[PDB]
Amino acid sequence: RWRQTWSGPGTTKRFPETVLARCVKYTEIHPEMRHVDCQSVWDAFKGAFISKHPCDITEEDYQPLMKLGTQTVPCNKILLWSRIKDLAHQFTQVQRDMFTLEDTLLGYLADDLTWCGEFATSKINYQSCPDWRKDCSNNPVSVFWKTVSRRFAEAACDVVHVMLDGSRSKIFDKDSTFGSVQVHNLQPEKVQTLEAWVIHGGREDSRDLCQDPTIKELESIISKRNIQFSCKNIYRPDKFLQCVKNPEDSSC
């Protein structure tokens, strides 16, 4: 082929082995996930998209995997993020206290991977997978992240933090998974405050990005859900991580 069926890159090479290895490694490191049989996890993950039309995936398809990956996360220590993933992960690697979705078994298994199957066969499609925009939104990858990002937001309580990319354009994007899914699934009964950390890109002396229109929009949406909103600039993310690693002393 010089064309391919779909517009998205195909399944990550060695997907089955990669996911199984990830599950082993995670369940070795994290003692609460020792009950988990990694073969059963693979089977459930496979069951969600194998032999299914990769534009006809449902949240229901992933329910066997979700059940097997059931995991308690400290509800008051949740860090969400939008667009910008690397700082969030670097932060939680020191601040081994806050947790992102990719710090959970399910997020860890799928992070940075792509997968899809075929309606007519049980073959994994290593050649192309649906693009969310060009092909269909009900594809195996997009559905998985929608389902898991939802459930992770529903687990949160107290003060929930979100890192946003202040170099973007839409610092808060209503169309992102954070904006379209997570914001609307925080539980107002349990969540007291959403606090945004607006992460600056380059910049000499920079603007208070907590005044950005899309930030005000986020404030409005959140406040109308009866959840308080707070915002902080992180003007130099590199000084920020240095202070997380070595608090006190220095220009912290």
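All residue numbers refer to positions in the sequence shown, first residue = 1.
Set 44-52 against 195-203 and average the Cα temperature factors; 195-203 ends up higher. The deposited model assigns a higher average Cα B-factor to 66-74 than to the other stretch when 66-74 and 216-224 are compared.
When the modelled residues of the chain are ordered by C-alpha B-factor, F99 sits in the middle third. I29: CA B factor in the highest third of modelled residues in this chain (values from the PDB entry). The entry lists a Cα temperature factor for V183 that places it in the middle third of the chain's modelled residues.
Ranked within its chain, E154 lands in the middle third, by CA B factor from the PDB record. Per the PDB record, residue ranking by Cα B-factor puts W132 in the highest third of the chain.
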